């Protein structure tokens, strides 16, 4: 009974492996992990304390390509094959998707000890925004940061923001090359050019104030563009690569936060701290409950993240509203009549209160946010093994969970004829959102305890959006003026473009052009320029 010879031949075999030709070795260096990956998956399917895992050929890469380009189609296919809970490999990570309202609850309402947002996002956000805020801090700090920000987002603030936002829109109609309404009565625009510009101008003016708005008229504006490039999904895997893209980003964050700190210190020196904007508010109101004060650097960094986030969600959304209305002159017509009745033929000046009496306008935003959730996927890193209720499934620590309310937004089960733009599905239901029951406070105010609504444009739970009322205010003023001022339509043969899912926000694939026309050719916008 000699197996000793077999053991000798193991060693010999190893020895002959090392002396294979470099061509053969390389081949095996490709072959063996390829093979091994496939046997591992088939073995994984045998487990039943794990959700089904989408099969994939290329190791590490996983389903990144199909998920990257068409996430909702990927989700529908996996849903038919596996049901609502399923996993897939994504550039080194395992993602567990839980679709539908039950998925909303499972992730948005997950215990603080179970999952972590900042563990998923810090590598992306922190380089762009700066240190010490949002995801570069414990959740408890984020909770209070949101409370600080919310303090400049009150109804009284909105009343003062509306005339400011209105001024910026009219100034843009007057002075932008894309319009020049005093010189031209019709023209073609790329909505992906005009809306990011209109969004930053209106949000800067209202949230940051006149000084910071004034800066955007100069070469300074280029830094925001640079900083914008740091906010892409590439940084989700490659956050720091010694290339120019990453230096301009880093330089921008320093440069922009430098500018904000400069204003903060100037105001404090001159005792010029009032109730004008978000800067005044954070200067007066940014002490944590343990007594630690946010630094001027942290305040500036928080300003960047808040403005940047709201920039991309809002610009994408106003772009979609215009693009959907471009093929619906019936809806423009209906929106226009509401403007005439509420504002008395346009003789009343637009106020925040009058905005609230424009349900069809507000429903149009609501419906656009249904068909185009700006964030198609939201992530959490799983910090300890989670048991999926009413299943035998366990999501181990190290996995990521992925929730997608935008997907449910497009399901016929919850929204009949979901792929049809219909603002009237929200008749007598024009609120941006609301809790249909019990509430809870995570540190930034009472919000809905349940997150099982099939409509969740602003998420839910501790990470829930706090910019929703600002977004409706901004989008409301913007669309109210667009409607009263212009009609618009598609170039012949053009229709609503498909989403570009490959960016951080699900903006339309551009260029996406519409043709505008003045409702009143002779109308003039006053002021100097």
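Positions refer to the first chain, counted from 1.
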> Do the CA atoms of 389-397 or those of 450-458 have the higher mean B-factor in the entry?
Replying inline: 389-397
> On average, are the C-alpha B-factors higher in 258-266 or in 163-171?
Replying inline: 258-266
> Between 288, 444, 224, 320, where does the Cα B-factor run highest in the record?
Replying inline: 224
>> Between 193, 243, 304, 283, which one tops the list for Cα B-factor in this entry?
In response: 243
> Looking at the C-alpha B-factor of residue 180, is it in the lowest, middle or highest third of its chain?
Replying inline: middle
> Going by what the PDB entry lists, where does residue 25 fall on CA B-factor within its chain: lowest, middle or highest third?
Replying inline: highest
>> Please place residue 426 in the lowest, middle or highest third of its chain according to the CA B-factor in the PDB entry.
In response: lowest
> Within this chain, which third does the Cα B-factor at residue 502 fall in: lowest, middle or highest?
Replying inline: highest
> Going by the entry, which third of its chain does the Cα temperature factor of residue 106 land in?
Replying inline: middle
